[PDB]
Amino acid sequence: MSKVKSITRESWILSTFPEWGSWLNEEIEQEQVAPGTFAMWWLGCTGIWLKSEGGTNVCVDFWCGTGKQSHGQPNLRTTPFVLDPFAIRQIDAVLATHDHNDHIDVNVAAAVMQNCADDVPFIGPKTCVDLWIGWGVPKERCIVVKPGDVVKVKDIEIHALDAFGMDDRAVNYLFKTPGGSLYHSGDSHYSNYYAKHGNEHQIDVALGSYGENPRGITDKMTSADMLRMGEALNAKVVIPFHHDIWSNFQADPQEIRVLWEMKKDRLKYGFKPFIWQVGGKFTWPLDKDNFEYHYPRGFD
Amino acid sequence: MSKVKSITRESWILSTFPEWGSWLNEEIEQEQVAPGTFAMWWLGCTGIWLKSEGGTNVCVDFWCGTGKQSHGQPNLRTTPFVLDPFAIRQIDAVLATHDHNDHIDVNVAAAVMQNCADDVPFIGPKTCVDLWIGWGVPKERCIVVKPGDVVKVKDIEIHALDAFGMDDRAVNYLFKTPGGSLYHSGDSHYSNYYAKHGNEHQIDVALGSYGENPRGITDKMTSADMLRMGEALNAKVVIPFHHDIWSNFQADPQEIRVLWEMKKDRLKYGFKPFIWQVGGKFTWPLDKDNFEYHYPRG
Amino acid sequence: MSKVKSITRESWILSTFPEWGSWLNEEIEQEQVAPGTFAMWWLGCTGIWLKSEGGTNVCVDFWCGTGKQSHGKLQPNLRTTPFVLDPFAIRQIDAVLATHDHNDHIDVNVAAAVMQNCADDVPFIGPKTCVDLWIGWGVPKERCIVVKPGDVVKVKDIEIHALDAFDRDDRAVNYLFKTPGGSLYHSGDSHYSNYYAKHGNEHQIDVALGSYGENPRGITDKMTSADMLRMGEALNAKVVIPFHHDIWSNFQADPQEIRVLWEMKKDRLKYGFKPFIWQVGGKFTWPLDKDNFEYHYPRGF
Amino acid sequence: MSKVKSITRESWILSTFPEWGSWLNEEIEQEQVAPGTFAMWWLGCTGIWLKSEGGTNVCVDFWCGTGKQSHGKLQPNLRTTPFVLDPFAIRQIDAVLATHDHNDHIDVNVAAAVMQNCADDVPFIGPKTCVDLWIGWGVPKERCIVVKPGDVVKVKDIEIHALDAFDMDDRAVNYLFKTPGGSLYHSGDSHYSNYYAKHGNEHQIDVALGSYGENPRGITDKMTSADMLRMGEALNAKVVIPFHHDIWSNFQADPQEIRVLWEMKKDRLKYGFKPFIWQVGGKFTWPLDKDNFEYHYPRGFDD
Amino acid sequence: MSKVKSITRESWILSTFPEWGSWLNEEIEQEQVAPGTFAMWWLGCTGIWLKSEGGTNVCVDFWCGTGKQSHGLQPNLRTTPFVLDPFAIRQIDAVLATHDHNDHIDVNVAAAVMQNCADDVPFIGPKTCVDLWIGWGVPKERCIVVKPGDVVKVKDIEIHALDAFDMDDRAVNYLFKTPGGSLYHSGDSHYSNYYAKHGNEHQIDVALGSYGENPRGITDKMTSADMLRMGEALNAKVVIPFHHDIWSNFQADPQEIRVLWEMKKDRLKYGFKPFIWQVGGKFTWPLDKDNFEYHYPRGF
Amino acid sequence: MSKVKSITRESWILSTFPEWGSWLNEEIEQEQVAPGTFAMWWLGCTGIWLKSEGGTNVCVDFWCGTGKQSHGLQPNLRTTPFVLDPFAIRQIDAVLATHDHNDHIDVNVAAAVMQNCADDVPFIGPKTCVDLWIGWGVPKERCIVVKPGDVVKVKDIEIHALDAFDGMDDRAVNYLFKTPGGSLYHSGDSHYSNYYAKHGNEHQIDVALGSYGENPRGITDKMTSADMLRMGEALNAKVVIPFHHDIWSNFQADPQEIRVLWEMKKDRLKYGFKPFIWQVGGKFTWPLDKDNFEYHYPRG
Ligand SMILES: [Mn+2]
Ligand SMILES: [Mn+2]
Ligand SMILES: [Mn+2]
Ligand SMILES: [Mn+2]
Ligand SMILES: [Mn+2]
Ligand SMILES: [Mn+2]
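We now turn to the structure provided with this report. (Residues numbered from 1 in each chain as written, not as in the entry; some residues may be left out. Chains lettered and ligands numbered in written order. Heavy atoms only, no water. Residues with missing side-chain atoms left out of burial classes, pairs and counts.)

1. Considerations on the arrangement of the chains
Then step 1. In this assembly chain B lies apart from chain D, the nearest approach of their C-alpha atoms being 15 Å.
Then step 2. There is a gap between chain C and chain F: no contact, and a shortest C-alpha distance of 16 Å. (Contact = heavy atoms within 4.5 Å.)

This is the structure in structure tokens:
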């Protein structure tokens, strides 16, 4: 018996995946979030882990599925797995913006239910709660939210806002930490109601679904819409996400910068764009003027 | 009974990975490479699948491992798995450029041995055939190659050339197909010997290890070196690779284009750059003026 | 006797306006449209004059109103386009069209000019809500042809196709004008929709006009630069031309965004069209001008 | 009678024009120019309305004419700018100015409206050749101040400096307006000259306006983008604004040409000024807007 | 006497200068100009060496002086090396000058021709130029005084003397008509409307104009924008800046011409391309008409 | 007897050259370096004149040879005029060389210093460099032979000899010039190396010089535009300046590549430096000119 004979498909898969193992699980675990700041990690697609200065851990739209695996729409997942859901331990809330496939995940739910404390709430619109209960998440552990609702999870004020009786289907979140606010728009198309939120709230960092729409499809925000969003929200930082995940939606985030450069002076834009990378951290307000993220290079 | 009880870490992994399942395996199998052309797929890192007009399938530097998975170099794999090694059926040759971790793989060796024909050769330098034998690959089924050697796998003429003692450890490949030619530089630094190869051979498409070097390290070629490689090799297309794989080497391939734009006319560059994406197909010479690859949009 | 005493506001206005007088009227009237080509003029806002190789004259969305003229939301709605064409100097005309009932697309004075100065058989083509506006003004109901998405109207060698318009049926229509020279898509003031792709599959489109502009914070009324590119892709056009961005002060946009994005996208997305930055009063000739990228007014020396 | 039958060409014109009506007139009337600042409006072509902190109104090169209105130097020059200001709605004014007697810089109707609607002590300031043209139109002799280079005219709190122009002291002048808020350089329609350096050395110039345009093949009547930058340097200005490029179809130009060259040269040449791309009817305020780079009209909509 | 004692300033100078020696002298002499073409070299400043397919050698504005060499009114230093040795000139068929100004007519060059070359080589220039040549010692019998309108035939090259704009006694412009194509040399002229007159009455292939960064309150050179206007007026196919090489205080960026051309070419339907040359370099019309930028031979 | 026959080739050469005369010599000598600052001049190739606040004068790699002067492996032609006259040098404190190659050491410079300058002026360089100096007749006692690690004090300037890159300790060293006003890295003709990071950590480096150039096909002899930026990061400089690209026609490169690449990477890589494009004969004042990006000759 040699390596060539003993190894099978499953032995390879189960020793290789997820790609990052629990590296980021540990990174988030040991991250000390300074006062007057908040830290966040891009988990792929619209997945965001949020950590407040008080050590509060919040997880939004964390998705661990894949696209097509066979020929038996050619959406192929182009983002690796930067966070193992089954390595999560310290978490204080599990959120979903809407019930679309790649925003809510049974495996994430399964992991939290098996490994984490029983007082972790699952927060989302009715349709997401219906979907969670179906997977076996206890009723009493789910908080249904509508636009207008505010949910206090430790030191994080979660503001449920309008997405675009649809209150049952989708919501946007505004996370208010003692160090800054974060806007998560899920997979919303651009809407004028972004302006409402900008007038009614102080928004620091804002995330919006960027992506290259295939011919005859309007599923993602364009580079021009990302800018309109930042302006409407009166944000300081505008970060594209969702553009990472789907082969057919492969987009160039640099378009947001190039357009921003043409328009910022003329329109008096009060924000900067920021190109992130999946698995990457962001600290507000430290990283607000960085423009472009880079992974840790050296060994410092 | 309920899914938040029946699902385990293990079942989730066995359900989700590799991310593309067998889509690319099936696409490569289905591909009808037209005469006068060759087809090519990027499999992450320096991993290339090549299919000639005569349907000859060749796999170079196919790597199916990962980077760091725990805290106790911060190299994290940033590329998903686009090809299932254990789904490979039709293959004519498995090749490796060198014995470094990122270019040779035990599971790929295992897969080809279990799933494919018994006459499929494992081609690489002495150090590479050693590891293959050590893993369980037959001694006689391996072909040891050094610079100067020429191996003919059906209609593909494989030229083992100089890489950058050394002769036992690393080689560059020039795959001459009837449709065209491909230069696989492995993980070589820039060398003046590229000019020797460009003189002595017709090179159509050239691949070079691109990446953003950390402060105090020279491990990957720069954007300027990519263009110098294209010139020295007298190539018609210059494609970066390797920059996809490691987080800490995350580079911008657009630097190649911008510099090309500045230098092309002055220096009479005979080539064009191409920015590829992992799992993507490239067809010489149909895609030579494309500049940037996009995935099928459906 | 002296000018500072004789000249009045009325005498100045009537001596100066409209700015181009009947220059463009004259130019259109004597333009010899070659066989295999069609020629068109931009009349401001969404207003287009089309002339086929058989000399058929069609007028779409020709607006001759203005913005705000005083301070007494109070929109900073100010017209930033001069009047390139005198409606009352129109003689040769075979059809008068309107995409929708909105202020910027339908005009009383244009209607009056065709009834006073033009043939008694010139059709007023438009949606149900537009003909009700025409008739109410004094247009004979027998002149009007009420069109619906799917309707086709033959005006000599110009084959007019009424198509779907976009907002959130009786209110609005898009137009496709097929000529022995080529086709022209007129989206009016439509938002971007997936149904552009329908039109691109069902018909061949050569030149596509898109309502472009800079949306005020919290408004969505004009298409973005990225939308203009998606529109040209969906319609399988060869030329994409912005319009409507000229007319309103508060919607002042830079058409160069379209080109800059196009340069970034063209190869990766394999666009089969080129953008074209036009100027009001300007003439386009398909396909002579398809690769020009930018229009320039006659320099004349 | 119906609307279609009753409405004539005349009635359409009477209610439609000028395009902006009296909107800008009212904006200028109500504008409370803050101390330490000055406000100015681009009236089209080289037309500038200037309002000091002390409420002094000054109108320079106001042209309410048009180009070719028919086919009939055979020149296809068509007015590409709408009318932003009604001259007949002007009520509060302290002085009417003209740089030179050229067609696009002096207007019979502007003189007529001012003579009819404004106080009889309002001066008409310009070179000899301009006052000759004004006198002929019916403007009294008593109401004109003839200026040659070197002359200084005090109009309330605005020191107006008639400086050298570039093709005769009788024909053309450049103005430097000194307000308590800042200084404004109006070069009229001068081609680039070396004598801008003299003015730059001898005077503190804040905002410089230069006649920009795309010259037709074999004609040299307007400044290039490169000329625009050399002016700002020579004048030692802080802001450099192109004008005159708005008005003529055949002279249609891209102002961004000035910005792009500036981005190539600013560091190497150590430029102390910034370019600013303005729009007709738009207000500029010194020094508040000096760094804005590009103007946009009020976008409105707060709901 | 050792080397640190035997070496003098004068011995070093004679051992080093001119920098290029006779390298370019040798290349011009050995140049096989193919039929239907013409080859030209940039000798520094406005110095042009023309060679027709019939082997005819013409030399325009070849200057071999230098700028300021001490402090005891502009600080003009020569920033160009010497690429051609005037005293190595063998084959020549004409010597031309555009105007009296020092940077365009040379004593040492005139001398070198009178000593090394044929006794029937004409010295063609305006009235003021021949006055200097005669004064220096060139026979009145070998000087062709040209006015705008005059046309001198030198073998297969046809020299058209046209109006200058830097006065018919003082300066002229040249249009060199060869079988292979025409070359417009504008000397040190600034932009003028009379450029259009030359474009209408002749076909211009390559146009050379005096480019430079004008010092504050100085107008002595053409701007990048003026170079394009010249190209348009002359109806050229290739526009090449020169003169911008020679003076420290006039140092300019020829890339301005390219950048502006990129913005304007389509809108103004330019029928020419700009071309950035280097001193000592070779241009071959029409082979190099689409090269945009010259590079020196890299060898090997 | 007139000018056309009295003038010889020697008459022209000895009156015209060196191009700048003693213009730069005078500027250097009259230059009053302010406290907290240092001034330097680019003498062509890798030649640098350096002047501290105390008035010390250091001459590094000053070359006065030239390229090919006739056709009788490469077409290397000097594209730079001579900006300094070695024989006009009076006030000097030290003469330095980085390595023994032709382009970096000159006998005429040695001779001029030996004949015209003080007796106690040391010739500092690697072992092979002092061999050539001794071989040219410079006293053995007057030469300081250096290897990596050695530190030589010259008035207020502390010269640090460091490693050069292709032992090599015989042939080549790199210099760090510590002045009371700031430090200067002179990499000489080194290829890119990781040991730039070593020097970066050990020393504070303010201004960095690197041998930029356009390598011909199949030759790696000069640093690329990307290498220049990498050097800046490794040395942790605040100013990165290309040189050596000026001197050979073969290696004609555009230093703007450094800037363009810098504009793309600076924010992503948190570059703590700026590129500065110099001109031969130009002055640089650290820290006055640190933010300039591009030098221009005095326009006057
Ligand atoms: Mn989604
Ligand atoms: Mn590797
Ligand atoms: Mn509208
Ligand atoms: Mn004028
Ligand atoms: Mn000169
Ligand atoms: Mn060297």
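2. Overview of helix α2 (residues 9-16) of chain F
All names here are of chain F.
Then step 1. Among all positions in α2, only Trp-12, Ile-13 and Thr-16 are buried. For α2, the angular spread of buried residues about the axis comes to 95°, placing them on one side.
Then step 2. For α2, the N-terminal cap is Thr-8; the gap from its side-chain oxygen to the backbone nitrogen of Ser-11 is 3.2 Å. (Buried < 20%, exposed > 50% of the residue type's maximum accessible area, 1.4 Å probe, protein only. Helix = DSSP H or I, 4+ residues; strand = E, 2+ residues; numbered from the N terminus. Arc of directions from axis to C-beta. Polar contact = N/O pair within 3.5 Å; in protein donor to acceptor, adjacent residues only side chain to side chain.)

3. Considerations on the sheet that holds strand β11 (residues 207-211) of chain C
All names here are of chain C.
Then step 1. Within the open sheet, the seven strands sit side by side as β7-β8-β9-β10-β11-β12-β13. Their pairing is mixed. Every interior strand has two partners, whereas the edge strands, β7 (152-155) and β13 (274-275), have only one.
Then step 2. Pairing of β11 with strand β12 (residues 239-243) involves five bridges; the strand directions are parallel. Note on β12: the bridge partner recorded for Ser-211 is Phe-243.
Then step 3. Its contacts with the sheet place helix α7 (residues 225-234) against β11 and β12, and it is angled at close to 140° to β12. (Pairing = 2+ DSSP bridges. Axes fitted to C-alpha atoms, helices over the stretch in contact; angles between N-to-C directions.)

4. Observations regarding the coordination of the manganese ion (ligand 1)
Then step 1. Taken together, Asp-102 of chain A (OD), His-103 of chain A (NE2), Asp-187 of chain A (OD) and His-242 of chain A (NE2) make up the full set of protein donors to the manganese ion (ligand 1), lying 2.2 to 2.6 Å away.
Then step 2. Accessibility expressed as a relative area gives 1% for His-103 of chain A, which makes it buried. (Donors = N, O, S within 2.8 Å, 3.2 Å for Na, K, Ca; no water.)

5. A closer look at the sheet that holds strand β4 (residues 94-96) of chain E
Residues and elements named next belong to chain E.
Then step 1. What the seven strands build is an open sheet, ordered β6-β5-β4-β3-β2-β1-β14; its pairing is mixed. Of all the strands in the sheet, the pair left with one neighbour each is β6 (143-145) and β14 (282-285). Sheet twist, expressed as the mean angle between neighbouring strand axes with direction ignored, is 20°.
Then step 2. Bridge analysis of β4 against strand β5 (residues 123-125) gives two bridges, and the strand direction is parallel. In the strand pairing of β5, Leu-96 is matched with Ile-124.
Then step 3. Those strands touched by helix α5 (residues 127-136) are β4, β5 and β6, and its axis lies near 145° from that of β5.

6. Considerations on the environment of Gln-30 of chain D
All names here are of chain D.
Then step 1. Looking at where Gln-30 falls in the secondary structure, it is placed in helix α3 (residues 23-30).
Then step 2. We classify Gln-30 as exposed; its relative accessible area is 60%.
Then step 3. Considering only alpha carbons, one finds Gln-30 and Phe-17, 13 residues apart in sequence, at a separation of 22 Å.

7. Things to note about the interface of chain C and chain D
Then step 1. Taken together, the 62 residues of chain C in the interface contact 67 residues of chain D.
Then step 2. A combined buried area of about 6300 Å² lies between chain C and chain D, and 62% of that area is made up of carbon and sulfur atoms.
Then step 3. Contact with chain D buries surface across chain C, with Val-4, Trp-12 and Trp-23 of chain C losing the most and accounting together for 12% of the total.
Then step 4. For the pair chain C and chain D, the number of links is two salt bridges.
Then step 5. Across the pair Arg-9 of chain D and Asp-86 of chain C runs a salt bridge, and its minimum N-O distance is 2.9 Å.
Then step 6. Across the contact surface, chain C and chain D share 35 residue pairs in polar contact.
Then step 7. No other element matches helix α2 (residues 9-16) of chain C, which puts six residues into the side of chain C that touches chain D. (Buried area = accessible area lost by both parts, 1.4 Å probe. Salt bridge = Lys/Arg side-chain N within 4 Å of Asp/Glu carboxyl O.)

8. What to know about the pattern of salt bridges
Between side chains of opposite charge, a pair can form when the charged atoms approach closely.
Then step 1. Counted under the stated rule, the structure contains 106 salt bridges over all chains.
Then step 2. As a salt-bridge pair, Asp-84 of chain A and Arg-9 of chain B come within 2.8 Å of each other at their nearest N and O atoms. With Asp-84 of chain A in the loop between β3 (57-60) and β4 (93-95) and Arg-9 of chain B in helix α2 (residues 9-16), the pair connects residues from two separate chains.
Then step 3. A relative accessible area of 3% places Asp-84 of chain A in the buried class.
Then step 4. Residue class for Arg-9 of chain B comes out partly exposed when judged on its relative accessible area of 27%.
Then step 5. The partner of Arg-266 of chain B in a salt bridge is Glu-293 of chain E, and the shortest N-O contact between them spans 2.8 Å. Placement of the pair is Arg-266 of chain B in the loop between α8 (254-263) and β13 (272-273) and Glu-293 of chain E in the segment after β14, with the two residues belonging to separate chains.

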